[PDB]
Structures are given as C-alpha cells and as structure tokens.
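Q: sequence-free structure coming up:
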Ligand SMILES: NC(=O)c1cn([C@@H]2O[C@H](CO)[C@@H](O)[C@H]2O)c2ncnc(N)c12
C-alpha cells in the first residue's frame, strides 16, 4: 500500500523565512509529486506539479527540487497566508488510492504565554436539565504544549470531558481552549470540589483552580 | 478559468442514498477525466473515484469502492456521484476535481477543483437550543478577572451563532467550534473573560441564534 | 512506358505465383531509391515466388562510405525474427550491388497505403489504424523483451501482407544489447525516427524506439508526421531542430484514445515518455486505445484485419521519379571494399 | 547496262549526253540542276541541325543524371554515337560536295566517306536489333529468370561494331566497292552495277541475307513475343484500367518499332533486289537519292522512339529542361 509521510510534522516560522519541507513515499511511484496548499475557507490549490515544475498562476516563491522517493517543497520568502497545511500527492494507481500526506502545519512563531485559568460553576438552570456541565477556560496561551485535566474530588475525569481549541487569534495571536466536563446532575450533587488543573510549559508546575458548588 | 459548480447536497438519512452533481465548464467533458475527492471537516483529503476521459475505465479507493459509483454524461457535461450506503464517516464536504489524460500524458496532476457541496449524513429533526448560563465563580476572583459564559447544548443541525450583548462584546469572546456529542446533537460553549469587579455592575447576556429553526434565546448570566 | 511493360510483367509473374545470382532472378521495376541504392521486386527462377531485393548499389556505397551501415542492418535483421518481424532469405552480391532478398509482403508498405486509399483521405479509418498500431506495438514489445534498441521504425518499414496484418520489417541501424546494459551512447538511425537523446549525443535506452512509434502512428493517421508535412521530408539539420523543439498539435482525425496515446510517446524527455517506466513496458499496454484489441488474440495473430489487400492490383511505386546519389567517376574500389562485399554475402 | 557502268563509278543515269564518265572530276549538271543540289544541301543541313543536338543530349543527360547510368542504356548511348558517325562522316561531306555538283574528294575520299556513312548506318541498324534482343531478354527470359548485367550490355555494344565492320570493311578490299550513289555527291555500296571485277552478285546476296533478312526476322520474333506476353498479362488481369491501356500502347509501340526498321532499310533492300532479279532496271540519279533519304532520317527518329518514349530518360529530360 502507499503511505505518505512528510516532515517536519509542524514547524514554527515567521514571515520572510526560508521554509523547507520534505515528503517521502514508502515505495517508488516515480518522479510524480504535486504540492498543494490548503487553508480554511478554500478548496485545495495546486502549487507544484510533475516533479518540481511550477504550476501556472502560482507565485515563484514556491519551488520544488529533488527526485526519487524524497521530494522537497521550498518557500523562499513567507507571506502572511503561508501559515497553512501543505500536502504532497503522488497521483498514481494500480488500482490503489491517490494518496495525500497528513499535512504539514506551518504556524506562527511567538513567545510562550501562561494561560489564565478560570473554572465556571453550572447555574441552577443547567442542573434542572439533568446534566451538570462544568466549564474550564484556558485563555490566551502559547504554544499548544498544554494539557487540561479535570479532577472532581481529586478523581481524574477522562472520557466524559471534551476539549475544543481555537487557532491563532486576530486580537493577540494566541490560543484559547475551552474544555467542558459533562456530568450527571446526580454525580454533581455527590461531589463538592470541582477542579480544573492546567499543565503548561509557561507554568512552573500545574495551576489548579477549583470551586465548591454554586456562588 | 475552468470552473466546476456543484449542486445536489442536503441532509440525508444514514444508510440512504444521494446523488451529487458537478456541473463542469471551461472544457469539453469527453476530453477530460473526472474524479471525486472528499474532505472530512478539518482533516485531510481522501480520493473517492475516477472515471476515464472518454469514459470506460474506473478506479476506486477501497473504503468507498463499490458503494459509490462514479458516472458522467458527456451530453450534459456533468459528472455525477451516486452514493449508495451512507455511514457516519461519510459526513463530509464532497469535491469534484478534474484530471487530464491517463497513463502518462504530460504527467498531469489534479488541476481544477470545485468549491465543494455539503453532504450531511445524520438522523434527527431540527431542534432549537437549550441555553444554560455558566455562572462565574467567587474563587476565580483571586486574579481580579472572572470568566463566565453560556453553554448552548442539544441543538441540531449547525450552525448556531453566539454573541455577547448583541454583538457589542466580541473581544475576549471565545466562541469555540461546535463539537458533535454522542447524543447526535451539537453543543458549544461561548465564554468571555470580564473583570470580576464588574460583575453586578454590568450584566452579561449571551444572545444565541440557531438559524436552521430560527430559534433565538437570550440568557442573562448571573453575577 | 517501358516501366508499364515492366509493371505488366510483374502482374504476369504474380498471376503465375498465385496459380542466386544473375540467372536466378527475374527483375522488375524499382520501387524507390533507399539510403544506399534501389529496392526492386524480383522473382525466383525455380520457385516462381516474389521477393523484394533491397539492393545497396556498390557505387553509391563507395561514395557515401556506407559500409558500416550495411553490415549492421544485415546482421540484426538476419538474427531477430518474430511474426511481426519478417525473415531474411538470402544475402548475395551480383557485380554492382549487395542484395538482401527477404520474404514476401506483397501487400505494399503502410506509407504507400496512406496515399493509395486516396490522398484526400488522410491515413486509414480509425478501427483499421488502431488494429495496425496494436500489431506494431507487439513487434516493438518483442524487441524490448530481447533488450534490443532499434533507434528506428518508420511507415516505410511497416509492411502489409496480403492478409492485411502488418509487421515491422528491415531492421536497420540498431544495436542488440545484452541483459546487464540498457544505456549506450551514439548517433544512429535515420533522422526524424531518432529521439532527443541520440541527437544531443547522450545515452539512451528503450525509450527512443517508443519515440519512433509516436512519429509512425501520427503519420499513419494524419498523413503527415509531427516533424514533417504531408508527403514531405525535411533536411537532417532542420529535422533535428524539429524533434528537439516542435510541440505536437493533434487533428480531429484522431479519436480521443489515439490522441492521448500519441502524446504519451512524443514527449521529448525519456522520463515523461511512455514506454519503459523502470519496471515494465506493460504500463504502455494499459492505455485505453487497446481496450478495442485483446492482447492474447493479437499476439497469436488470431485477429482478422478490417482490410485485406487485393491481389488484382499491385502495390508500391513504379519508377517515375525515384531518388539518386552519385555513381563512381574516377573513384576506384579499395581492396578493403572488395573484402567487405564477399564478407557481407553469406 | 542499266545505267552507266564504270570500274570506279556508277552513274545511275543512262549515257546519252556523251559525257557520263566518273564524277570525281566531271561536274554533274547533265543529269541534275543547281536547284536540286540546293535541296540536297538543304536536306543535309536539316539532318545535321536535328541530328547533332538530339544525339549530343542523349550522351549528356546520362552523365548528369546518376540513375540513367545502367547497363540497359549503354546500347542507347552507342546508338547516339552511331548516328553522329553518319552526321560528320556522311552528311557534312555530302553537303560540301553537293554545292560543287559532284564529289570532289576523289576515289580515296569516296572510300572514306562511304566507309563512315556505312559504318554509322550499320552500327545504328544492329543497335536496333540488339535493343529488340535486350527487350526480349528482360521480359521473355532467355533462360528462365535472368538479370541483365554490365557484361551483356558491353557485349551487345561490341557486337554492333563487329557486325558493322563486317559490312563496311569488305568494299575497301575489293569485294564490292564504294562508288557514288544519288546525284553523285555521296558514296554508297556497289549493288546497282552488274560488274564482275568486284563480284557484286555474291555481295548483294550476302548483304540482303545477313544485314537485312536476319535483322528483320530477329525484330519480328522479339517484338512478336513481347506484344504476345503483354496481351496475355492484360487478359489475365481484366481489373485495373492501366493493364488495358498498356496492352493498347504496347501494340501501338511495336508497330512503330517495326515500321521504323522497315522505312530505314527496306528501300535499299527493295531496289537492290529488283535490279538483281531484273536486268536493265534503270533508276535515275534523283531516284537513287530516295533510299538515302529514308535511311538517313533514322538518325533523328531512332532517338525519338528509343530514348524519349522511355520513362526514365523522359523524367531526366524534363528535369534538365526545367533548369538542370
Ligand atoms: N526494404 C524492405 O523491406 C522493403 C521496401 N519495400 C518498398 O521499397 C520502397 C523503397 O524502400 C519502399 O517505400 C517500399 O515500397 C518493400 N516492398 C515490399 N517488400 C519489402 N520487403 C520491401
């Protein structure tokens, strides 16, 4: 079968940098590599086709080199729209699928920032439905080398917590994460200490913010 | 340029069937191969199927092979994807793409794509949101800033919009992407960090609109 | 005139046939003047069977110093045969030419048939052309399986038999390689049936034969090559520039399958050219052009051709303008030349 | 007699002016008029003016077109040379002499001029025979299936020369003699004098048989076979317009080829035979120029038939005429 790998998996770059990414196929599919850029609110768009030949109507900032099983895509100077996922493709069959990489995320390099940790009580209205949802906000941190953990009565809650992470902001260019721990009303009323423990590299050791039921 | 405009999306039951149409222009259909590619939301691209330029040979990715049947009419200049058997993983934006020649022909690559057409595989009727306040804590007062929010729970289908104070407060407002729950209903929380000191001096109201039922619920979140 | 009398005598001979030296072959009209001499029809004294005699005139040989080219074509064609490569039957000399007398193909050459169908009809009808393409491909394939770089192939070397089956014929300037080499330098073959690699004086593999196929196929259908106009051939220098630089445009005479197939063969870089893709030449065989023709039946010659050459008419030109090149003035044969002439003959 | 016999002349006119002697020193005007000499000279002028370009071209075109240099054309080049022998040996001399009204180069001159004219005409005669042979050889096969090669061509050329010498050389050694013919300004063969001293009778039989009848027979055989072959070929191949056309054309051509040999040598043979069979056959001097007219014109018409009506030469000639 055909396995597409890329490296770096993710890389931190700034505008006007020389970014070099590589792609590797598990078997020889000959000189046959296209490079695509994908970024939200767009459909996939061709950059390089054939083996290293620049596609028509594509900036000459993108270029490719090499051959064999190891292909290269180089961006000579970055622009603020080159923070995106880049996919290689090999476009051949024997009747095997046309195989794409797992994307290489070029992200915006910046300073570390600690998260502001807030833990939120459910209201009376929330408890009336029959579910209790306890919300933890980790606001304005960088990078995504952070783990949220929920403890209720010191017991680790996993497999009943859901995380959602926003990408880079336009207000300060950081990440925010909201994790919503969903419990039964019954479990909530058999519990007392609800604690959100936040692990981050900007923090010396995990910061726990907790509350006792209601205000 | 060459352009593809898809149509024929919609909501469809699991294990049902749907036919997508991709209307092609800027080229003669009989002179170009046509393929389907799909994208699961916020993920990679999976190729689905191809059918030859003058139409006769077909190839398929194994996961969709047989289940989906690619076809085309060169008398309409339109490619179709007949999708039989729908599954949870089939919930995706579906793209048609173009391809030129076949078996080495200036060593092509997939050069024109559609804008996608949304296929939603799900079972449930439209449902307005229940909006619960997420009360601030008196133990988050320790930094001088409290975060409070609203949990907009058990709605179907997307999208909801959540704003604060009728859109007047939108900075520091983090409205997270919808997560699909195991109830088959979407849920999101929208939170805002405010000064703890301004609680009970300023009221914070989440304005929740759910367009696919036109249901609007405004919930004042307690100081 | 006298040529018509000779043509009438040919018709007479054919009738007898249907129903080694100067005292062993009845001579008829020349059919063209090749690279090194004329190629005339002829007939066996004791068999009453028609053969072509590719004459390489001694005078013209001395002028062009074409002694190397003669030996290569002989030895190669003599050794390699299939059902898409015709047999060589005799190699003798007379007194004025070296002779290759080769086996029957009384159906004329493909180049003739482009114009004899009608000259207002360019090439053959699509099914008929497709059939012949499939057969030419099989012949090339047989060479490639034996690790032979041909460096040639042309319409005039694709002969029709009276059945209507086509075969490549006359294996000219070529090299038969062993297993353990595929790359060889040189400048060889007739210009226009040579790929970029040869012309630039670089190494080349099996790819080049597939370049020649592209030129052949294109000329077969459109009645003109990609690098020459209808019933024309340009000078070697210009032809070299054409092969390297000229992009191929495709008439609507071609079907879509045939257009795509021609494009695949006529790429200037070997890497982008269909043929040997570094593990098979059977990737070529997968092209939709050949969905019409089953490979198993084709290779065994079990498929009926959609045209059968009539035997009540005779194919190939009768002299009325054929090429020419110098015959000797003061120029007197070397001892070496005489030794070559005996050596050539079997 | 049958004219006026001499041991070194044969005035065809009968003696009745009392001055009919040798015309090597006697000006002929007692059996001719000045205007007839002008017409004689005019006719010789014509034969030079046409004959030399036509025959020169035949040699010339082959040298500049590679493809023409082939064994089967050797004999045709030879024909052109033969014709030129007649032009410069016979025609030019006769033009010169005619304006004096008699042959002014004397007995030795007569033998020379008569030799070159005969030599020329005989190489031509035998060329036409060899050509018919070669055509028979190529199509009809002498030995089943044969290639016509260089050696045979050379032999063919040599053969015409040898046969011509076999005819032209005897009157120089006294078996027959050259003596003035016509208006006495050209020298022909003594066949018209019953003169014992040169043994004319045996010579006339030899001439008639070996140099007319034999050729005539050979020509009839060869072309008869050839026309038969082509008729047969066409019959076995009803399909195609070309074969039917070919049959008609070949029959037409063969009639032209036979007729051209007849016109050239039949007058000499006919006249010679008549005089031999019947004694006292007086033919005038003007009348004796008639066989020469017919024979001499073959220096033009032989190359028309045997060169121009051959496809290869035609193409080359067209090339040269359209700049070359
Ligand atoms: N060399 C060959 O094998 C042959 C070439 N010709 C004709 O000879 C012409 C001059 O090469 C070609 O265009 C054909 O018409 C042939 N015609 C019949 N049989 C053949 N074996 C050949």
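A: Okay, I see it. Numbers count the residues shown, from 1 in each chain, chains lettered A, B, ... in the order given.
Q: domains in chain A, by residue range?
A: Domain assignment for chain A by automatic domain parsing gives A:4-108, A:116-212.
Q: wait, which of the ones you listed is closest to chain D?
A: Among the domains of chain A, the nearest to chain D by Cβ to the nearest Cβ is domain A:4-108 (50.8 Å). All C-beta atoms are positioned from the backbone trio N, CA, C, and that covers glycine.
Q: circling back: now the domains of chain A as JSON lines including distance to chain D?
A: Formatted as JSON lines, these follow (distance: least, Cβ to the nearest Cβ, whole Å):
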{"stretch": "domain A:4-108", "distance to chain D": "51"}
{"stretch": "domain A:116-212", "distance to chain D": "82"}
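Q: spell out which parts of chain C neighbour the ligand.
A: Within chain C, the residues that sit near the ligand (Cβ under 6 Å from any ligand atom) are C:31-32, C:34, C:39, C:52, C:54, C:102, C:105, C:109, C:111-112, C:156, C:159, C:169-170, C:316.
Q: could you check how far the helix ranked longest in chain A is from the centre of its chain?
A: Identified as the longest helix of chain A according to DSSP state H is helix A:124-129. Distance, stretch centre to chain centre, for helix A:124-129: 33 Å (Cα atoms, centre = their mean, to the nearest Å).
Q: the next helix or strand after that helix pairs with which strands, parallel or anti?
A: Proceeding N to C from helix A:124-129, the next assigned helix or strand is strand A:131-141, under DSSP states H and E. Partners of strand A:131-141 in the sheet, by DSSP bridges, are strand A:116-120 (antiparallel), strand A:175-184 (antiparallel).
Q: can you show me the helices along the chain?
A: Picking chain A for this. Secondary structure of chain A (DSSP H): helices at A:124-129, A:185-188.
Q: now tabulate the domains of chain A in a markdown table and tack on mean neighbour count.
A: Shown next, in a markdown table, are these (neighbours: other Cβ atoms under 10 Å in any protein chain shown):
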| stretch | mean neighbour count |
| --- | --- |
| domain A:4-108 | 17 |
| domain A:116-212 | 18 |
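Q: TSV for those domains, including distance to residue B:74?
A: Output for those, formatted as TSV (distance: least, Cβ to Cβ, whole Å):
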stretch	distance to residue B:74
domain A:4-108	22
domain A:116-212	42
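Q: backbone dihedrals for the nearest residue to residue C:196 once chain neighbours are set aside, both of them.
A: Leaving aside its chain neighbours, residue C:196 sits nearest to residue C:268 (5.0 Å; criterion: Cβ to Cβ, 6 or more residues apart in numbering or on different chains). Backbone dihedrals for residue C:268, given as degrees, to the nearest 10, come out at phi -80, psi -30.
Q: need the contact list for residue C:268.
A: Applying Cβ atoms under 8 Å, 6 or more residues apart in numbering or on different chains to residue C:268 gives the contacts C:195-196, C:243-244.
Q: those residues: which two are farthest apart?
A: With distances taken as Cβ to Cβ, the most widely separated pair in these is C:195 and C:244, at 9.6 Å.
Q: all helices for the stretch 151-300 of chain C, in order.
A: C:196-199, C:207-222, C:236-245, C:256-265, C:295-299 (DSSP state H, counting those that start in this stretch).
Q: could you tell me how many residues sit around residue B:170?
A: Using other Cβ atoms under 10 Å in any protein chain shown, residue B:170 has 13 other residues around it.
Q: what are the contacting residues of stretch D:276-290?
A: D:1-3, D:11-14, D:28, D:31-32, D:36, D:40, D:181-184, D:191-192, D:194, D:201, D:204, D:267, D:271, D:274-275.
Q: could I get the buried residue list for that stretch?
A: By 16 or more other Cβ atoms under 10 Å in any protein chain shown, the buried positions in stretch D:276-290 come out as D:276, D:283, D:285-286, D:288-289.
Q: for it, measure first residue to last.
A: 18 Å (Cα to Cα, to the nearest Å).
Q: now do stretch B:194-206
A: The separation between the terminal residues of stretch B:194-206, taken as Cα to Cα, is 13 Å.
Q: dump the residue contacts of residue 69.
A: If you meant another chain, say so; for now it's chain A. By Cβ under 8 Å, 6+ apart, the contact list for residue A:69 reads A:24-28.
Q: I was thinking of chain D, sorry if that wasn't clear
A: Contacts for residue D:69 (Cβ under 8 Å, 6+ apart) come out as C:327, D:62.
Q: how about residue B:47, phi and psi?
A: Dihedral pair for residue B:47: phi -70, psi 140, per degrees, to the nearest 10.
Q: OK, contacts around it?
A: By Cβ under 8 Å, 6+ apart, residue B:47 lies in contact with A:97-100, B:35-37, B:61.
Q: any idea how far chain C is from it?
A: Separation of residue B:47 from chain C (Cβ to the nearest Cβ, to the nearest Å) stands at 19 Å.
Q: for that residue, list each beta-bridge partner.
A: Beta-bridge partners recorded for residue B:47 (DSSP bridges): residue B:37.
Q: kindly report the same for residue B:97.
A: For residue B:97, the beta-bridge partners under DSSP bridges are residue B:35, residue B:113.
Q: count of residues packed around the nearest residue to residue C:141 once chain neighbours are set aside?
A: In space, and not counting its chain neighbours, residue C:141 is closest to residue C:281: 6.5 Å by Cβ to Cβ, 6+ apart. The tally of other residues near residue C:281 (other Cβ under 10 Å) stands at 19.
Q: any idea how far residue C:281 lies from chain B?
A: Distance, residue C:281 to chain B, using Cβ to the nearest Cβ: 12 Å.
Q: ok, now residue D:145?
A: 52 Å.
Q: that residue and residue C:22 touch, don't they?
A: No. Using Cβ atoms under 8 Å, residue D:145 is not in contact with residue C:22, being 9.6 Å away.
Q: list just the nearest of the contacts of residue B:47 to residue A:80.
A: Checking those against residue A:80 with Cβ to Cβ, the nearest one is residue A:100 at 25.1 Å.
Q: and the residue of the stretch 1-150 of chain C nearest chain B?
A: When scored by Cβ to the nearest Cβ, the stretch 1-150 of chain C has residue C:126 as its residue closest to chain B, at 12.6 Å.
Q: for residue 16, list the residues it contacts.
A: Let's take chain A. Contacts for residue A:16 (Cβ under 8 Å, 6+ apart) come out as A:77-78.
Q: my question was about chain C
A: Taking Cβ under 8 Å, 6+ apart, we find residue C:16 in contact with residue C:48.
Q: that one sits in which helix or strand?
A: Using DSSP H and E, residue C:16 maps to helix C:2-18.
Q: many thanks, have a good one.
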